[PDB]
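Before any comments, here is the structure.
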Amino acid sequence: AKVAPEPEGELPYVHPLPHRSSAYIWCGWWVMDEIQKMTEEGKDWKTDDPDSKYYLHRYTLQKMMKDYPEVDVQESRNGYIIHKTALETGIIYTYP
Amino acid sequence: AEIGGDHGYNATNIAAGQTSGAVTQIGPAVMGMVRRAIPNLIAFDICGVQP
Amino acid sequence: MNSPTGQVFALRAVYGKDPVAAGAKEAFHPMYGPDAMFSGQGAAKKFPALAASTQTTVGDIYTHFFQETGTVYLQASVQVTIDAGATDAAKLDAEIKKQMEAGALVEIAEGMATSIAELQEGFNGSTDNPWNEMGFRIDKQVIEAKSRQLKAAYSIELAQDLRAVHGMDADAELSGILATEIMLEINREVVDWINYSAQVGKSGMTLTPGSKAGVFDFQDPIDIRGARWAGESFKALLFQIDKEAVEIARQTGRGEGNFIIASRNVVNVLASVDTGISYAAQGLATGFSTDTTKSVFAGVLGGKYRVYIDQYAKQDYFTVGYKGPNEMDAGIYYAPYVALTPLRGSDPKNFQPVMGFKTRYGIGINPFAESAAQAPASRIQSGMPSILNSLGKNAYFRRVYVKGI
Amino acid sequence: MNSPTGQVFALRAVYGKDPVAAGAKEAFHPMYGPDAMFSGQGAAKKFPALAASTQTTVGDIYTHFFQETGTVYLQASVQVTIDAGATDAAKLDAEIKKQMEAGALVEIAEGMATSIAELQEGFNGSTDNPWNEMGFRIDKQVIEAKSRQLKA
Amino acid sequence: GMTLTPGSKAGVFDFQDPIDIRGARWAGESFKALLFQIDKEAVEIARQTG
Amino acid sequence: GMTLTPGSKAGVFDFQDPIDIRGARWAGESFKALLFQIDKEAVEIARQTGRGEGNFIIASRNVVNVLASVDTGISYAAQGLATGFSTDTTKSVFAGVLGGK
Amino acid sequence: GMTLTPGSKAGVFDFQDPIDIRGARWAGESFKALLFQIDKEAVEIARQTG
């Protein structure tokens, strides 16, 4: 509903992939765990917690899914490329 | 009472042999001399010479 | 010590005709590089200093002195202004380093022209061109011994009851206890100094820019460099140890860190990771004595550091320190003079016995310990540790707290 | 056991002039560090107990006893307050730990001057400088032999 | 106490909790995490008894 | 120039930027990415000079330390206490021979 | 019973259930889960038969 406030610049690089209207960026396990922490108390990962210790990778992903309909974001725990609607929920594979 | 005493722990009084007691010391022994280590060069296998 | 109050001299080479002068710069220095134009063109012209909001002409050479890394001469590649918002000296250093990385200022060293060189000190009727002489200083630090003592004060009735019921001598044991505690206490003092005089690790050059400035945490991905699972996380601690030891080598100017004092948790982490260069591994503790009962010395870490267990550690830490082969190249001197002198007596009013012990050891610091001071003051200094000269200044030790084990 | 109802004895090395007393500490306690300045400066002066609401003084030394890891003596290098809101022991120990990590309160231990320890406990007409002492306590623990039986 | 990694459940080792297994994956590394936890407990036993 | 990766920082090799470390996870591989960067720099030397690949590195203590803590050969992911090189500026400035090259 | 991981399917070992395969990845690690499961069944036979 709302817009995540803009945290200055230095946005992590998102690789354009017009081959399938997709995009690739390496986030890491800390973000994929943090966002997994985000969607467990009813909270939001698209725009909530603007003063986060790891807000930057969260803010870019939100714009990236708007720019690209089938984003391809890869973690490091297993290195899987979860897609845009696979990134929609915030629950990746397992765990509470 | 030959409470021999002790220095004031003041650097000068430790060096001087000054003590608060009846016996005045000779000198603050010696333990050797600590020199600054000489640094090592990089030589010139990285650049020409051409004397 | 063979007599109390040991002393130790220290020779420093400093340049400028004046071995003893306010602000003379030490020639050879573990941290501070040489004034590479001191003997060269600096013996011909004096270069304007770099200061806050100093507008830069192009082509001129300006001196500077970072708090670390010593003198440096920077030529200017683009005219800039130094942003006097960095008024503080450390902020001035940050600004100048930023400019240097940007390429605006780049260091240079040069010699002097022959037409200038051949005339030095008024040959051919010139004047005001003296040579850039050097000299040496020699100062000394002195170390006086303190004392430490205890009493037992038992009663003969206790001795008879103890020898009768349990067979314990009831005197030797007390003496034992006494001596034990005293020696134990002495040991603790030494260790505390090592922690007390330790520099703050994980900070300055050892500081990963994303870390917490002095504490290594196993939950921060910046510290563990993105490792997952224990088999890879612990090797990050190994790398942290390496960084601290290397920085010791830099500041000390004698050698890399060669011993480590750490709590049970850190030592057990070390003993359960494949210390050598390998892929990833973690398991039972085999390489080290992790229990503080057989011994405190737990082992040798990779053949480089001797690892000791501080069984009384308050929270969690490791401290990397250097101790050279020579006895003087030490950092801290524990110099016993009289060892555990015993004394016995009794109270004349009731014949009941008293047992006691006393020793005199004293303890001193290595000169050059601060490793950021070209020349000491008063030339006769107190070698005994204090707050003015040891608290977080002795470069021979670096301390880091470990959280998340 | 060749007799029922056995007993064991425990020897505790306790310092503090009175082996059977409230608050006495065990000298070689595995959890608790030695009183590092008990035989050193602590026999020449008494260090203030570091409790809530104290205002630290640069260079001064305080004492404390954590519920775990035992005694400690802390030289303060920065004038700080200790968060008087702490009441119970656990809260105070955690606050002192925070201050210690902050570097404004560093553990220390020092020897005692010879010009003092030479006059200890009333030598040369001195006074009010007693030695520090230590003894042992020895207490008793007993058990009884219960039984157990069956029939065919 | 000393044997707790700050985010754990204080007395129970849960193979589904990443903090307990140090973030390990599959069974090859989780079991080694159990081994390390056992080592931690033995260390604390050494500490408290002396 | 031609040593740049398109997404890199253009003059500074950052260990925290996934573009530069070629997507490496953990430390035993993010270090190998640094070796790859060294090789690219040397090859560009060979291009620009016309005399051959660069054969020496003048590096600060930390760079040498990270060099000495990885398997420099082509041998999976590995990391540990620095042993292959001399990081003591006290013993000798000359760190050693990296990769025999 | 004793052979049950509290999250499994109670009588079927499923290669698709992450509780069963101990969070394994690819076929190298996912089968070793069946290995461990067979070990547990053997142990339980030891317990029940004696």
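Identifiers in this document derive from the order of the structure tokens: chains are assigned A, B, ..., residues are numbered from 1 separately in each chain, and ligands are numbered from 1 in order of occurrence.
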
Practice problem: Find the residues of chain F in contact range of chain A, meaning any atom within 8 Å when counting only C-alpha atoms, and list them as a list in words. | Solution: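 Output check: residues 7, 18, 23 and 25 of chain F.
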
Counting only C-alpha atoms, chain G residues within 6 Å of chain E, as an mmCIF file with N, CA, C and O atoms, in the first residue's frame:
```cif
data_model
loop_
_atom_site.group_PDB
_atom_site.id
_atom_site.type_symbol
_atom_site.label_atom_id
_atom_site.label_comp_id
_atom_site.auth_asym_id
_atom_site.auth_seq_id
_atom_site.Cartn_x
_atom_site.Cartn_y
_atom_site.Cartn_z
ATOM 1 N N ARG G 22 16.186 -34.500 6.597
ATOM 2 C CA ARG G 22 17.097 -33.722 7.432
ATOM 3 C C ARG G 22 17.620 -32.503 6.683
ATOM 4 O O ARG G 22 18.781 -32.121 6.810
ATOM 5 N N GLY G 23 16.757 -31.892 5.879
ATOM 6 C CA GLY G 23 17.137 -30.718 5.125
ATOM 7 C C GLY G 23 18.237 -30.932 4.114
ATOM 8 O O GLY G 23 18.994 -29.995 3.844
ATOM 9 N N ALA G 24 18.356 -32.128 3.552
ATOM 10 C CA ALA G 24 19.441 -32.420 2.630
ATOM 11 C C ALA G 24 19.221 -31.731 1.295
ATOM 12 O O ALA G 24 18.119 -31.289 0.970
#
```

Quiz item: Once chain E sits on chain G after a least-squares Cα superposition, all atoms in order, what's the RMSD?
Solution: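 C-alpha RMSD after least-squares superposition: 0.4 Å.
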
Under the rule of at most 10 Å, produce a per-residue listing of chain D near chain B: chain, number, name, the closest pair of atoms, and the distance in Å, as JSON lines, using only C-alpha atoms.
```
{"residue": "D:113", "atom": "CA", "partner": "B:6", "partner_atom": "CA", "distance": 8.0}
{"residue": "D:114", "atom": "CA", "partner": "B:6", "partner_atom": "CA", "distance": 5.9}
{"residue": "D:115", "atom": "CA", "partner": "B:6", "partner_atom": "CA", "distance": 4.8}
{"residue": "D:116", "atom": "CA", "partner": "B:5", "partner_atom": "CA", "distance": 8.5}
{"residue": "D:117", "atom": "CA", "partner": "B:5", "partner_atom": "CA", "distance": 9.8}
{"residue": "D:118", "atom": "CA", "partner": "B:3", "partner_atom": "CA", "distance": 7.1}
{"residue": "D:119", "atom": "CA", "partner": "B:3", "partner_atom": "CA", "distance": 8.0}
{"residue": "D:123", "atom": "CA", "partner": "B:3", "partner_atom": "CA", "distance": 9.0}
{"residue": "D:124", "atom": "CA", "partner": "B:1", "partner_atom": "CA", "distance": 6.6}
{"residue": "D:125", "atom": "CA", "partner": "B:1", "partner_atom": "CA", "distance": 9.8}
```

Practice problem: Go through A:57, A:84, A:94, A:49 and flag the residue nearest chain E, using only C-alpha atoms for the distances. | Solution: A:94

Exercise. Between C:389, C:185, C:62, C:368, single out the one closest to residue B:37, counting only C-alpha atoms.
Key: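 Nearest to residue B:37: C:368.
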
Practice problem: Select, from C:297, C:312, C:229, C:322, the residue with the minimum atom-to-atom distance to chain A, counting only C-alpha atoms. | Solution: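 Of the candidates, the smallest distance to chain A is held by C:229.
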
Could you give me, as a Markdown table, every chain B residue with an atom at most 6 Å from chain C, plus its closest atom pair and distance in Å to one decimal, counting only C-alpha atoms, rows ordered by chain then number?
```
| residue | atom | partner | partner_atom | distance |
| --- | --- | --- | --- | --- |
| B:11 | CA | C:382 | CA | 5.1 |
| B:28 | CA | C:5 | CA | 5.0 |
| B:29 | CA | C:6 | CA | 5.0 |
| B:30 | CA | C:7 | CA | 5.0 |
| B:31 | CA | C:8 | CA | 5.1 |
| B:32 | CA | C:8 | CA | 5.5 |
| B:33 | CA | C:9 | CA | 4.6 |
| B:34 | CA | C:10 | CA | 4.7 |
| B:35 | CA | C:11 | CA | 4.9 |
```

Quiz item: Where in stretch 62-113 of chain C does DSSP assign alpha helix (DSSP H), given as a PyMOL selection string?
Solution: chain C and resi 89-102

Quiz item: Could you name the residues that touch residue C:66 at 10 Å or less, counting only C-alpha atoms, but leaving out those on the same chain fewer than 5 positions away, as number ranges by chain?
Solution: C: 32, 71-72, 89-90, 92-94, 96-97

Put those residues in a file: C-alpha atoms, as a tab-separated table (two decimals), in the first residue's frame.
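Heads up, here's the output in selection_8.tsv:
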```tsv
chain	number	residue	atom	x	y	z
C	32	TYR	CA	56.35	5.80	11.19
C	71	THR	CA	55.55	11.24	7.68
C	72	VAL	CA	54.43	11.53	4.07
C	89	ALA	CA	43.46	15.56	13.94
C	90	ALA	CA	41.95	12.11	13.40
C	92	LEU	CA	42.09	15.47	9.30
C	93	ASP	CA	43.75	12.11	8.73
C	94	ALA	CA	40.49	10.66	7.44
C	96	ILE	CA	43.64	13.33	3.74
C	97	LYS	CA	43.36	9.57	3.27
```

Quiz item: Would you list which chain D residues are within 12 Å of chain E using only C-alpha atoms, as number ranges by chain?
Solution: D: 28-33, 67-69

Those same residues - N, CA and C atoms - I'd like them written as an mmCIF file, in the first residue's frame.
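The file below, again19.cif, is the result:
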```cif
data_model
loop_
_atom_site.group_PDB
_atom_site.id
_atom_site.type_symbol
_atom_site.label_atom_id
_atom_site.label_comp_id
_atom_site.auth_asym_id
_atom_site.auth_seq_id
_atom_site.Cartn_x
_atom_site.Cartn_y
_atom_site.Cartn_z
ATOM 1 N N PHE D 28 40.268 -21.241 46.947
ATOM 2 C CA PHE D 28 40.582 -21.934 45.706
ATOM 3 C C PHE D 28 39.327 -22.364 44.964
ATOM 4 N N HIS D 29 38.296 -21.544 45.011
ATOM 5 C CA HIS D 29 37.016 -21.919 44.439
ATOM 6 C C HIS D 29 37.109 -21.949 42.918
ATOM 7 N N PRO D 30 36.715 -23.043 42.268
ATOM 8 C CA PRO D 30 36.898 -23.141 40.813
ATOM 9 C C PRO D 30 36.131 -22.103 40.023
ATOM 10 N N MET D 31 34.903 -21.782 40.411
ATOM 11 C CA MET D 31 34.130 -20.769 39.709
ATOM 12 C C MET D 31 34.678 -19.370 39.915
ATOM 13 N N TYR D 32 35.292 -19.101 41.059
ATOM 14 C CA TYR D 32 35.527 -17.740 41.508
ATOM 15 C C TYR D 32 37.013 -17.435 41.502
ATOM 16 N N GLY D 33 37.373 -16.321 40.876
ATOM 17 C CA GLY D 33 38.756 -15.933 40.746
ATOM 18 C C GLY D 33 39.358 -15.574 42.083
ATOM 19 N N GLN D 67 28.325 -12.920 40.714
ATOM 20 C CA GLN D 67 27.737 -14.192 41.120
ATOM 21 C C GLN D 67 28.410 -15.361 40.421
ATOM 22 N N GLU D 68 29.017 -15.114 39.265
ATOM 23 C CA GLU D 68 29.839 -16.088 38.567
ATOM 24 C C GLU D 68 31.143 -15.423 38.168
ATOM 25 N N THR D 69 32.222 -16.201 38.182
ATOM 26 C CA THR D 69 33.609 -15.814 37.951
ATOM 27 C C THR D 69 34.227 -15.095 39.149
#
```
